[PDB]
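Trainee: Take these chains first, placed just as they are in the complex:
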Amino acid sequence: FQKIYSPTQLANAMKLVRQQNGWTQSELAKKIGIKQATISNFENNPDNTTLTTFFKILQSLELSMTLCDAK
């Protein structure tokens, strides 16, 4: 887990976690009451994705987040 500085870097990182665990977009979506299309749009077009969607997808991936220095 490296430091993340943009929505694109964030989406790429979270997509990788999903793929490394063999999870489909539908699995996660159904687990958190979100559309599959919303996850697809987050992974490919995260710039305008809301924080709510982000944190729900975080939960489905069994992940959390912390702040840190930009170094």
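Mentor: Great, that's in hand. Residues are numbered from 1 along each chain as shown, chains lettered A, B, ... in the order given.
Trainee: Now for residue A:58: which residues touch it?
Mentor: Residues counted as contacts of residue A:58 (CB atoms under 8 Å, 6 or more residues apart in numbering) are A:14, A:64, A:65. For the C-beta atoms, the positions are set from N, CA and C on the backbone; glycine is no exception.
Trainee: Show me which of those residues are buried.
Mentor: residue A:14 (16 or more other CB atoms under 10 Å).
Trainee: can you put the contacts of residue A:58 in TSV and add distance to residue A:32?
Mentor: Formatted as TSV, the contacts of residue A:58 follow (distance: CB to CB, whole Å):
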residue	distance to residue A:32
A:14	13
A:64	14
A:65	16
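Trainee: Extend the structure above with chain B:
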Amino acid sequence: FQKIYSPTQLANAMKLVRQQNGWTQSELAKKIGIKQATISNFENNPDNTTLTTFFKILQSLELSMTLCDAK
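Mentor: The block that follows adds chain B to the chains above:
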């Protein structure tokens, strides 16, 4: 820096960093080409805030973020 699980927890944490450094919303806003109103709305109503706004405010606070296990 604790683990964060929601937009509200995120906004509270980042607001605290701003206050601990004596920064005003206008200072940060001008540094990243964002409206002051956008920062105010993020700190008080973060649920629908876009990821772009979030990462821009992150930069102004000289912060970054990492993913981690939800434990």
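Trainee: now with chain B: the contacts of residue A:58?
Mentor: Neighbouring residues of residue A:58 by CB atoms under 8 Å, 6 or more residues apart in numbering or on different chains: A:14, A:64, A:65, B:5, B:67, B:70.
Trainee: Which two of those residues have the greatest separation?
Mentor: For those, the maximum inter-member distance is 14.9 Å, found between A:14 and B:5 (CB to CB).
Trainee: circling back to that earlier point, quick one: which of the contacts of residue A:58 sit in helices?
Mentor: residue A:14 (DSSP state H).
Trainee: of all the contacts of residue A:58, which comes closest to residue B:44?
Mentor: Using CB to CB, residue B:5 is the member of the contacts of residue A:58 that sits closest to residue B:44, with 18.6 Å.
Trainee: and DNA strand C, same structure:
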DNA sequence: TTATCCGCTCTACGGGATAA
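Mentor: Okay, here's DNA strand C dropped in alongside the others:
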């Protein structure tokens, strides 16, 4: 200094759903 307002445009996200 910050919460809050106006009027505008754009898009996310829900509801549907599909191709291959």
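Trainee: what do you get for the contacts of residue A:58 once DNA strand C is counted?
Mentor: Contacts of residue A:58 by CB under 8 Å, 6+ apart are A:14, A:64, A:65, B:5, B:67, B:70.
Trainee: distance of the nearest residue to residue A:65 once chain neighbours are set aside from DNA strand C?
Mentor: Spatially, and ignoring its direct neighbours in sequence, residue A:65 is nearest to residue B:4 (5.2 Å; CB to CB, 6 or more residues apart in numbering or on different chains). The gap separating residue B:4 from DNA strand C is 17 Å, by CB to the nearest atom of the strand, to the nearest Å.
Trainee: Same question for residue A:48.
Mentor: Distance, residue A:48 to DNA strand C, by CB to the nearest atom of the strand: 3 Å.
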